[PDB]
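Only one chain is shown below, in structure tokens, and it's the form deposited in one PDB entry.
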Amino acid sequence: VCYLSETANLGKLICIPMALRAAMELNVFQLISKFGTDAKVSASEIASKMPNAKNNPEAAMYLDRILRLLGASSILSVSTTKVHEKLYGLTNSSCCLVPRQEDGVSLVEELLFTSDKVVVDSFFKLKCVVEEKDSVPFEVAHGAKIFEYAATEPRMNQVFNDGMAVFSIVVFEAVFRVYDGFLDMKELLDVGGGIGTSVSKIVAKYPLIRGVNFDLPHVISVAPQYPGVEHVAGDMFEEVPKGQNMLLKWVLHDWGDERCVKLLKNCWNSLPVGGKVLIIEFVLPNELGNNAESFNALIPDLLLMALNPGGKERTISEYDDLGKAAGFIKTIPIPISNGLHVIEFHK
């Protein structure tokens, strides 16, 4: 029990992420690549390619103090050239924050959500979800309910959307590459489909696809016109349209076990025998490593527990436990990437 290591070892748990979130906020990773592939610059250099830092002499040293920490975290590479300066360079998990040449996707939007003040405020009240009966960290921490806050609070809406959005562009691109069980299907229906996007994209790698979008009236009300897509409003708990194969990306984790039955029922009772409710979650591995498949589950099981804790991420066991108790012959799960599955529930 060496306290003065257990310090620097637990003391950094809070620092690393808020140092990171400042690099992002200051668009460091971008400005670094606007210098070349496998490159290396001083904070002095990066504080020059920064607009709001004109007329703050300390800009360069203060920045060097942040980057040193990321550079020590591995979240950045670092090297010193001959009067000796610290020069900075990108990494694997650090290029994943350079916005792409074409479409602009990055984890920036995803990571600014996770590390967002609204969220952390909500984390700071986790304690409660154990202690109090039904308490919601989010609710305990803020005026009232999440949809209430988010209505009356534009920038919280921006960040929760922009995150789940870039993170979809990425969660999907690798649904493509692996899974190809989209072509012995002509018709597909997105239950809790959002405003299409999911299908919009699908019915464009598979143009021979009857793209249907099912969500709440107020959602589809806003929802734009994708060629491929026909939209449908309802309450998937009361009844789901008819369709061949159906799609449930990030619906089942928002919902309890009983409410996951009642949905999957209505999903079957409107599926032709031969079609399948496709389920796209991050799956909770049964033994939990430092394994990314283990953090890709745990991270959201937390965010759920903080903002909507009636939610839950599940083991592949726990998902066929559902597929079955609805009434589904198969339950044939396809590993995709680092914990992202397509559990298939067959009727």
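In this text, residue numbers run from 1 along the sequence as written. Heads up, when I say rigid core I mean the largest set of C-alphas that superpose within 1.5 Å between the two forms.
> What number of residues from the deposited sequence go unmodelled in the gap from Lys82 to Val83, classed as none, 1 to 3, 4 to 9, or 10 or more?
The entry has a long gap there, with 10 or more residues left out between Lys82 and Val83.
> Once you work out the mean C-alpha B-factor for both 322-330 and 8-16 from the entry, which is higher?
The stretch with the larger average C-alpha B-factor is 322-330.
> If you average the Cα B factors in the entry, which is higher, 270-278 or 146-154?
Per the deposited B-factors, the answer is 270-278.
> Could you tell me which one of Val130, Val136, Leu188, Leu216 shows the highest CA temperature factor in the PDB record?
That would be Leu188, according to the entry.
> Per the coordinate record, which of the options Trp250, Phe172, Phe160, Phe124 holds the highest CA temperature factor?
Of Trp250, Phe172, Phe160, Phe124, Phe172 has the highest C-alpha B-factor.
> Test of reading the entry: by CA B factor among the chain's modelled residues, which third contains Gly36?
According to the entry, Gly36 has a C-alpha B-factor in the chain's highest third.
> Comparing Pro51 with the other modelled residues of its chain, is its CA B-factor in the lowest, middle or highest third?
As the PDB entry reports it, the C-alpha B-factor of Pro51 lands in the highest third of its chain.
> If you rank every modelled residue in this chain by C-alpha B factor, which third holds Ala23: lowest, middle or highest?
Middle third - that is where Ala23 ends up once the chain's C-alpha B-factors are sorted.
> What third of its chain's C-alpha B-factors does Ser106 belong to: lowest, middle or highest?
Its C-alpha B-factor belongs to the middle third of this chain's values.
> Among the modelled residues of its chain, does the C-alpha B-factor of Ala60 lie in the lowest, middle or highest third?
Answer is middle: the recorded C-alpha B-factor places it there.
As for the form deposited in another entry, it is not shown, yet the points below apply to it.
> Looking at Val119, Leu97, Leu90, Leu271, which has a Cα shift of 2 angstroms or more between the shown form and the other one when the rigid core is held fixed?
Flagged residue: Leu271.
> Has the Cα of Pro17 moved 2 Å or more between the shown form and the other one, judged after a core fit?
No; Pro17 is a residue whose C-alpha shifts by less than 2 Å between the shown form and the other one when the cores are overlaid.
> Is it true that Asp184 shifts between the shown form and the other one by 2 Å or more at the Cα, once the core is aligned?
Passes the 2 Å threshold, so yes.
> Taking the rigid core as the reference frame, tell me whether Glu258 has a CA displacement of 2 angstroms or more between the shown form and the other one.
Yes, the C-alpha position differs by at least 2 Å between the shown form and the other one.
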